[PDB]
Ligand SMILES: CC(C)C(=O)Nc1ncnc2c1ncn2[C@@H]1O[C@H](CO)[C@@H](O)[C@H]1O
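The data below hold one chain only, encoded as structure tokens and taken in the form deposited without ligand NKV.
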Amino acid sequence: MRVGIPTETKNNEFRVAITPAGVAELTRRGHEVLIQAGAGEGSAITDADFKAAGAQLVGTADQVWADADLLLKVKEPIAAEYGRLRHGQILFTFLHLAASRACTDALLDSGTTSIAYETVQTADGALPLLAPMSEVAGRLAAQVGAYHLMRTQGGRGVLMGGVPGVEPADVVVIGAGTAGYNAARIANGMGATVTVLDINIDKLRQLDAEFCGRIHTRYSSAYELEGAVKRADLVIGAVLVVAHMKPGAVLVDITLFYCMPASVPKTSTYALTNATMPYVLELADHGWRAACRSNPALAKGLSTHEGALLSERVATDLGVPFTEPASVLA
């Protein structure tokens, strides 16, 4: 089938759903990759090497969304793309439909089959396509948190790792998840005195192991938390699905309250497309139909099909007819 990779049109979005690496496997494996001119240009990928790997570069998004059996995207269709949604195609991308009835409706109103990146889940309840983004995000939280600590940024005026004879910043990472673990790693590498708080003692246990006790760990509690933040020069909320610190101290969620992987497209594109690669294939090969019964992880992401809503949590958050996944998969 002819797969399509259109140019992300959303605001401040410079990523691309595929790399010359994935495109190269689609091609030399029996498929046709329709890539829109400049789609990857935004994350340092010209069509020069996109073609030197296999890319049926086309001029407009119209031709891309058309003749493309599988449309790989990074973000969900925006306003002007609704009139694009085909019925005989498969939309594989980040949807957050429970965040857009308008979006959800347009996918049902167009009867297109779609799979949401964020809900593809494996056995241990893991979310593979979100993992990379959490990694990119957490490492960024630190680089961004460190910069905003500059007095010029309205920060306290403290250097992440100080200098000889002078103390470094005291960084607090709330949570030892992918993001919390990656945030501490960088802040620590930059020289800050990082302490990570979690309620899960095994996560804290391995952090002690990983940095021979260099990255401090404190059992997380509302009392420990409040205590740790008072002292903190920078705090990172790495806890992913009302209280304050000192003047000049920074707060980065995932005083200057700061608030992503779009910031580093080259990186993030690869990070995600590498996680996406195996599924895009299972899709391009045997179709979303055989791809979802042969793989309950990719299936768990099914979002819509010919006016069908295949996600209860969403049909719940908005109150709409739920159409069991098992049934639309025969």
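Start at 1 and count along the sequence shown; that's the residue number. Note that the rigid core is defined as the largest set of C-alphas that superpose within 1.5 Å between two forms. Residues that one form lacks are left out of the comparison.
If you look for the form deposited with ligand NKV bound, you will not find it shown, but the lines that follow are about it.
S.K.: Answer with yes or no whether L240 is in contact with ligand NKV in the deposited bound form, where contact means some heavy atom within 4.5 Å.
M.R.: So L240 counts as contacting ligand NKV.
S.K.: Given that the partner is absent here, does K203 sit within 4.5 Å of ligand NKV in the deposited bound form, heavy atoms only?
M.R.: Because a heavy atom of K203 falls inside 4.5 Å of ligand NKV in the deposited bound form, the answer is yes.
S.K.: In the deposited bound form, is there a heavy atom of ligand NKV that lies within 4.5 Å of any heavy atom of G145, even though the partner is absent here?
M.R.: Heavy-atom contact with ligand NKV at 4.5 Å: absent for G145.
S.K.: Whether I199 contacts ligand NKV in the deposited bound form should be assessed with a 4.5 Å heavy atom distance threshold; does it?
M.R.: Contact with ligand NKV, yes.
S.K.: Can you pick the stretch from 183 to 191, 102 to 110, 215 to 223, 244 to 252 whose heavy atoms fall within 4.5 Å of ligand NKV in the deposited bound form?
M.R.: Looking at the other structure, the answer is 215 to 223.
S.K.: Report the residue, out of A176, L72, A116, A137, that has at least one non-hydrogen atom within 4.5 angstroms of ligand NKV in the deposited bound form.
M.R.: Of the candidates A176, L72, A116, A137, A176 is the one lying within 4.5 Å of ligand NKV in the deposited bound form.
S.K.: Hey, quick one: aligning on the core, which runs of at least three residues have all their CA atoms off by 2 angstroms or more between this form and the one not shown?
M.R.: Segment displaced between this form and the one not shown after core fit: 242 to 244 only.
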